[PDB]
């Protein structure tokens, strides 16, 4: 594009960002995200998906997936898209804006150093991860050089962190992605 940075979304994702969806339980939220991982893999993307939910009600605000290769954009990680699309939807660059319900980013895998920073500047007050960093590195994806004890860095900034949620289900999807090739392989790898 000439007058804008435009990252298009595939059909399943456009739908995911425009379909009403309230998922109370944390496992319900993560389960849905893993559904997005599968759909994204079939849509030429990396094995990564994430979604911003209102922390308490579980109302889905926005979802993103790895679109690095098909989108010719190394910054197009699931977290970046999810956080940015949620901000556009709520009409603010700051999800912690006064009067705004607390937001939570539910992600299929622990964040790379890039998305680590993205979470910090986003305004989200919670981060829930499925697959661990080691799980991701085991299929060729780099997390990059994150600071020492990144989880503590987030908590120290008001962002609670949960890991390992439905990890096994996520790994099955990571192992399947690796087994069946990949393509130019996403970013952070």
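Numbering follows the first chain given and starts at 1.
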query: Between the two ranges 36 to 44 and 142 to 150, the one averaging a larger CA B factor in the entry; finding: 142 to 150
query: Entry-level comparison of average CA B-factors, 18 to 26 and 175 to 183, reporting the higher stretch; finding: 175 to 183
query: Ranked C-alpha temperature factor of residue 97 among modelled chain residues, by third; finding: highest
query: Third assignment of residue 67 from its chain's C-alpha B-factors; finding: lowest
query: Among modelled residues of the same chain, the CA temperature factor third for residue 165; finding: middle
query: Ranked C-alpha temperature factor of residue 31 among modelled chain residues, by third; finding: lowest
query: Residue 135 by Cα B-factor - lowest, middle or highest third of the modelled chain; finding: middle
